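All heavy atoms count here, side chains included; hydrogens, waters and symmetry mates do not. Nothing fancy with the numbering, it's 1 onward along the sequence.
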Amino acid sequence: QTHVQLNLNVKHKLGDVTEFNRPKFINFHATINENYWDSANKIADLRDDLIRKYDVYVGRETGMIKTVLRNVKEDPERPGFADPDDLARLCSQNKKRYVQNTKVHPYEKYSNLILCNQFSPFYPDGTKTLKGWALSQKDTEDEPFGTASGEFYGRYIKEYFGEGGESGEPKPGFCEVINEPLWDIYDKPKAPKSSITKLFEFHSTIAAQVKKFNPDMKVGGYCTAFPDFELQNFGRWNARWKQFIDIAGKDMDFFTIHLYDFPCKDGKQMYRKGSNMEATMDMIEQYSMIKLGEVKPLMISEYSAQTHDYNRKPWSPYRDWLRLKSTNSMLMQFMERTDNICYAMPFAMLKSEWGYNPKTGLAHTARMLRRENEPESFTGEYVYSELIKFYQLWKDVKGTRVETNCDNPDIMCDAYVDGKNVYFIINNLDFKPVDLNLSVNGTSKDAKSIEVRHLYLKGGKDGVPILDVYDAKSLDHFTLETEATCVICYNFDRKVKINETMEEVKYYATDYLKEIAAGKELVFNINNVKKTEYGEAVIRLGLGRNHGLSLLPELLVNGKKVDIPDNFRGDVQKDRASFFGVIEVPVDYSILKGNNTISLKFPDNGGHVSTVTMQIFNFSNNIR
Ligand SMILES: OC[C@H]1O[C@@H](O)[C@H](O)[C@@H](O[C@@H]2O[C@H]3CO[C@@H]([C@@H]2O)[C@@H]3O)[C@H]1O
Ligand SMILES: OC[C@H]1O[C@@H](O[C@H]2[C@H]3OC[C@@H]2O[C@@H](O)[C@H]3O)[C@H](O)[C@@H](O)[C@H]1O
Ligand SMILES: [Ca+2]
Ligand SMILES: [Ca+2]
Ligand SMILES: [Ca+2]
């Protein structure tokens, strides 16, 4: 059994973040003004049900800007530039439409828009628009590559957006440069395999042009389709994200990636959830520290699962479950880094009827709504898909973060206190049910009530997701289902008193990315660590090694032996080509000091230590 402990009087502080951020986390890939809200739905006022009742935020949109780019006339004075007058005209037409759409204006308080360009025709590779012209491909001193694309983007933002309501749509919170560019440039079938670093320079040019027209706008990149750092023995890291940080890092306000699990690609299960995405995110942060001297805010503008083996099938509840389980796990992991995550958006769109292909009968694979007669036919009014269960599960969750601990790296836990209510969230990374023994410490009173919410799969493969919601007189034990999530809601007679603090600080090494040779000591240094009287600590070993190679180095911390656990967060990565993941190693707090030496010795040759980082948890008093 796994012991899960909730210390509800102990605030968990990370940087200056102490509270659950619903807009940052409980959101989806939509806008308040898409016309799909307003027709063909069983629920008459769908915004009120989805946005208001469930308290769900938006969003991200690429289609409006694409339509303007693809239809704008060319500047007669400057070949390869959008005409400023026609651009203003098209933007004005759209702005007028927004201004007249008064029913959506009260929902602006739920919206912080991520704007982004689709790859084509924004990337200036010669692709022509519907008006028969291509964005300038020049790369001169006065017209660096992407100048015309950048000017288009900057002018679009300036011309279309207003200050809310009758003044126009509020400005975006964040401007991503370009969606999944290296997928199109390098990796897709029949990709041209043009210059990778040219794309990175393009980001600097775009940022400068956007900020010429819109000085306060945050710009980011590179919006990576598949951040797969270990590939080609870390050659992929060295050619891509390393270079992007080196070239454009100083010019970006935020970094942005996409994170998709592959639960079923030609019958293989290749997950990021668990230790793999920890390694990806640690490598971005660690190298940012080395090169830039700071961690850059990270956006995850799309995440969950891509379901290859089900993507030529019609809709099913099971396909939605594949997405749900990835979303819940990834979300917990992003919550653990809330101080350095600026936005994380599960990839679920509202309706995307544009994505329905009448040739094949295939609807879009990530929708909040589906037609009543699906999967048999794409007919009938729209009703919620199973993805609504995510928003049902997370309903109400807010408040001050408090300390949890669970003694199984495959179980993730978190908790938030909102007055009299406490939300205790537990997620399973294991592929079997896990029996939990629950302890709630820090109050003298029993809860007045307990509501259990449990999201799991019934009936195995091709089964259905179930959201069980029930009241419990007590909850000392609970079986969490395979890859399942529960949210346990405790309600107390009076407001819960939070009277202690646990402050988490994450420290980075002076170096990274070291090759492993058998019996050869690798030495890392983590310095200026601040200790208090009482604390705990975790060393985070990012390892990228072929299968068959040891994940159990000899570890010395300040000359003292520290044991490495057999179990780490998530799966052993069997169907992946190699192992890439962070092994989390608890370390006795008394071994640590301000300047620390971490030594690793492996028994075999090959692979790399990608990163060594450390989390310190400092307590206000002797809370253990
Ligand atoms: O990298 C593996 C690929 O497998 C293919 O079977 C799949 O079609 C392909 O999907 C693509 O993935 C991202 C890049 O472009 C979109 C497309 O669906 C998506 O954003 C990819 O998964
Ligand atoms: O494919 C054209 C449509 O794309 C929609 O947005 C998509 C694209 O960017 C976000 C979202 O998903 C990605 O995979 C991209 O393909 C857009 O909303 C529509 O109006 C069309 O442009
Ligand atoms: Ca990409
Ligand atoms: Ca990559
Ligand atoms: Ca494990």
**Q** Can you name the closest pair of heavy atoms from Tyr423 and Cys489 and give their distance?
**A** CD2-SG, 3.7 Å

**Q** Taking all atoms of both residues into account, what is the closest heavy-atom pair of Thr280 and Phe229, and its distance?
**A** O-CE1, 3.3 Å

**Q** Any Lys/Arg nitrogen of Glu353 or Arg371 sitting under 4.0 Å from an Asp/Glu carboxylate oxygen of the other?
**A** yes

**Q** With a 4.5 Å cut-off on side-chain heavy atoms, are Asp418 and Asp396 touching?
**A** no

**Q** Just how far is it from atom CZ of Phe145 to atom OG of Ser195, taken to the nearest 0.5 Å?
**A** 8.5 Å

**Q** Classify the ring geometry between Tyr382 and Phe378 as parallel (under 30°), tilted (30 to 60°) or perpendicular (over 60°).
**A**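 Rings of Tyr382 and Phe378: perpendicular, over 60°.
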
**Q** With heavy-atom distances below 4.5 Å as the criterion, would you say the side chains of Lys138 and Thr147 are in contact?
**A** no

**Q** Do any N or O atoms from the side chain of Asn214 and from the backbone of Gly154 form a donor-acceptor pair under 3.5 angstrom?
**A** yes

**Q** With side chains defined as the heavy atoms from C-beta onward, is the minimum distance between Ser275 and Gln573 less than 4.5 Å?
**A** yes

**Q** Keeping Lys171 on the side-chain end and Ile157 on the backbone end, is there a donor-acceptor pair under 3.5 Å?
**A**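 Yes, the answer is positive, given that a donor and an acceptor are paired below the 3.5 Å cut-off.
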
**Q** Under the salt bridge (charged side-chain N to carboxylate O under 4.0 Å, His left out) definition, can you give me all pairs with a residue in residues 337-351, not counting sequence neighbours?
**A**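 Applying salt bridge (charged side-chain N to carboxylate O under 4.0 Å, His left out) to every pair that reaches into residues 337-351, excluding sequence neighbours, yields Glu278-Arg337, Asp282-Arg337, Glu285-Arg337.
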
**Q** Any sub-3.5 Å donor-acceptor pair from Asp575's side-chain atoms to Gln269's backbone N or O?
**A** yes

**Q** Side-chain contact test, heavy atoms from C-beta onward, threshold under 4.5 Å: evaluate it for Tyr36 versus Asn41 and give yes or no.
**A**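 Answer no - side chains too far apart.
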
**Q** I need the full list of ring-ring contact (aromatic ring centres under 6.0 Å, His included) pairs touching residues 257-279, with sequence neighbours left out, sorted by first then second residue.
**A** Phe226-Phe262, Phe262-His308, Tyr271-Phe431

**Q** Please name all residues satisfying side chain to side chain donor-acceptor pair (under 3.5 Å) with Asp320, sequence neighbours left out, ordered by chain then number.
**A** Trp315

**Q** Contact between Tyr416 and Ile425 at the side-chain level, heavy atoms closer than 4.5 Å - yes or no?
**A** yes

**Q** According to the salt bridge (charged side-chain N to carboxylate O under 4.0 Å, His left out) rule, which pairs have a member within residues 374-395, sequence neighbours left out?
**A** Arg367-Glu374, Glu386-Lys389

**Q** Strictly distance-based, threshold 3.5 Å: is any side-chain N or O of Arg155 a donor or acceptor partner for the main-chain N or O of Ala82?
**A**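 Pair absent, no side-chain N/O of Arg155 close to backbone of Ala82.
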
**Q** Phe200: which residues meet the ring pair (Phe, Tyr, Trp, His ring centres under 6.0 Å) condition with it, sequence neighbours left out?
**A** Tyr222, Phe244

**Q** Between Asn117 (side chain) and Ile178 (backbone), is there a donor-acceptor pair under 3.5 Å?
**A**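 It does not hold such a pair.
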
**Q** Identify whether the distance between the nearest side-chain nitrogen and carboxylate oxygen of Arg272 and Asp228 falls below 4.0 Å.
**A** yes

**Q** Examine distances only and state if a side-chain atom of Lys296 and a backbone atom of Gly249 form a donor-acceptor pair shorter than 3.5 Å.
**A** yes

**Q** Thinking salt bridges, do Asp38 and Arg47 make one under a 4.0 Å N-O criterion?
**A** yes

**Q** Excluding sequence neighbours, so at least two apart, what forms side chain to side chain donor-acceptor pair (under 3.5 Å) with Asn33?
**A**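 So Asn33 forms a side chain to side chain donor-acceptor pair (under 3.5 Å) with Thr31.
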
**Q** Tell me whether the rings of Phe25 and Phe20 are parallel (<30°), tilted (30 to 60°) or perpendicular (>60°).
**A** parallel

**Q** Who pairs with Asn101 by side chain to side chain donor-acceptor pair (under 3.5 Å), at least two apart in sequence or on another chain?
**A**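 So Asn101 forms a side chain to side chain donor-acceptor pair (under 3.5 Å) with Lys103.
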
**Q** Looking just at side-chain N and O atoms, do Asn428 and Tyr456 make a donor-acceptor pair shorter than 3.5 Å?
**A** no

**Q** The criterion is ring pair (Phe, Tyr, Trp, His ring centres under 6.0 Å); which residues satisfy it with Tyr186, sequence neighbours excluded?
**A** none

**Q** Output yes when a side-chain donor or acceptor of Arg370 lies under 3.5 Å from a complementary backbone atom of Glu372, and no otherwise.
**A**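 Confirmed, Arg370 side chain pairs with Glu372 backbone.
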
**Q** Is there a side-chain contact (heavy atoms from CB on, under 4.5 Å) between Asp251 and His203? Walk through the geometry before answering.
**A** CA-CA 8 Å; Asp251 301 320; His203 280 70; over 6 Å; no

**Q** With heavy-atom distances below 4.5 Å as the criterion, would you say the side chains of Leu331 and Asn427 are in contact?
**A** no

**Q** Show, in sequence, the C-alpha distance, side-chain angles and deciding distance for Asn328 and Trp394, and conclude whether the side-chain contact (heavy atoms from CB on, under 4.5 Å) test is met.
**A** CA-CA 10 Å; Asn328 277 321; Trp394 287 88; 2.9 Å; yes

**Q** Could you list all the salt bridge (charged side-chain N to carboxylate O under 4.0 Å, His left out) pairs where at least one residue sits in residues 255-265, not counting sequence neighbours?
**A** none

**Q** Students often mix this up, so state it plainly: with edges at 30° and 60°, are the rings of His364 and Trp354 parallel, tilted or perpendicular?
**A** perpendicular

**Q** Surrounding CD of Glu166 (heavy atoms of other residues, nucleotides or ligands, distance under 6.0 Å), is the total greater than 12?
**A** no

**Q** With a 6.0 Å cut-off on the ring centroids, do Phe119 and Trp183 count as close?
**A**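 Centroid distance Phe119-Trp183: not below 6.0 Å, so no.
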
**Q** What salt bridge (charged side-chain N to carboxylate O under 4.0 Å, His left out) pairs are there with at least one residue in residues 119-131, not counting sequence neighbours?
**A**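 Qualifying pairs, neighbours excluded: none.
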
**Q** Determine whether the side chains of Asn21 and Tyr343 contain a donor N or O and an acceptor N or O closer than 3.5 Å.
**A**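 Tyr343 and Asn21 do not have a side-chain donor-acceptor pair below 3.5 Å.
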
**Q** Okay, side chain of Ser92, backbone of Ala88: is any donor-acceptor separation there less than 3.5 Å?
**A**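 Answer holds: no.
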
**Q** Do the side chains of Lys458 and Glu481 get close enough for a salt bridge, i.e. N-O under 4.0 angstrom?
**A**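 No, no charged N to carboxylate O under 4.0 Å.
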
**Q** Please name the pair of heavy atoms, one in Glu108 and one in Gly164, separated by the smallest distance, quoted to 0.1 Å.
**A** OE1-CA, 3.4 Å

**Q** More than 12 non-hydrogen atoms from neighbouring residues, nucleotides or ligands closer than 6.0 Å to CZ on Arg22, yes or no?
**A**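 Check passes, neighbour count above 12.
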
**Q** Going from CZ on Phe255 to SG on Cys342, what distance comes out if it is rounded to the nearest 0.5 angstrom?
**A**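 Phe255 atom CZ to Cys342 atom SG measures 11.0 Å (nearest 0.5 Å).
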
**Q** What are the two closest non-hydrogen atoms of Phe28 and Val56, and how far apart are they?
**A** CD2-CG1, 3.8 Å

**Q** Can you name the nearest heavy-atom pair linking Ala484 to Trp321, along with the distance?
**A**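 Residues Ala484 and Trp321, closest heavy atoms: CA-CH2, 4.4 Å.
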
**Q** What pairs with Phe122 under ring pair (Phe, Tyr, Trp, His ring centres under 6.0 Å), at least two apart in sequence or on another chain?
**A**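 Per chain and number, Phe122 pairs via ring pair (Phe, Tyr, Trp, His ring centres under 6.0 Å) with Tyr153, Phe202.
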
**Q** Any luck finding a side-chain donor-acceptor pair between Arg60 and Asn179 under 3.5 Å?
**A**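 The answer is yes; a qualifying pair exists.
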
**Q** List the residues meeting side chain to side chain donor-acceptor pair (under 3.5 Å) with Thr307, not counting sequence neighbours, and say none if there are none.
**A**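 Applying side chain to side chain donor-acceptor pair (under 3.5 Å) to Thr307 gives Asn311.
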
**Q** Spell out, as yes or no, whether a donor-acceptor pair under 3.5 Å connects the side chain of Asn340 to the backbone of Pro297.
**A** no

**Q** Please report the shortest heavy-atom distance between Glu176 and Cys223, naming the atom on each side.
**A**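 Closest pair (atom of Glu176, atom of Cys223, distance): OE2-SG, 3.5 Å.
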
**Q** Test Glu151 against every option in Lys212, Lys211, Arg78 by the salt bridge (charged side-chain N to carboxylate O under 4.0 Å, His left out) rule and name the one that passes.
**A** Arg78

**Q** Side chains of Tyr160 and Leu90: closer than 4.5 Å at any heavy-atom pair?
**A**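 Heavy-atom side-chain distance check fails, nothing below 4.5 Å.
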
**Q** Verify side-chain contact (heavy atoms from CB on, under 4.5 Å) between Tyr98 and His105, making sure each step is shown before the conclusion.
**A** CA-CA 9 Å; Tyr98 187 89; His105 300 166; 3.6 Å; yes

**Q** When you compare the side chain of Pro227 with that of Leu259, does any pair of heavy atoms fall below 4.5 Å?
**A**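 With C-beta onward as the side chain, the pair touches.
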
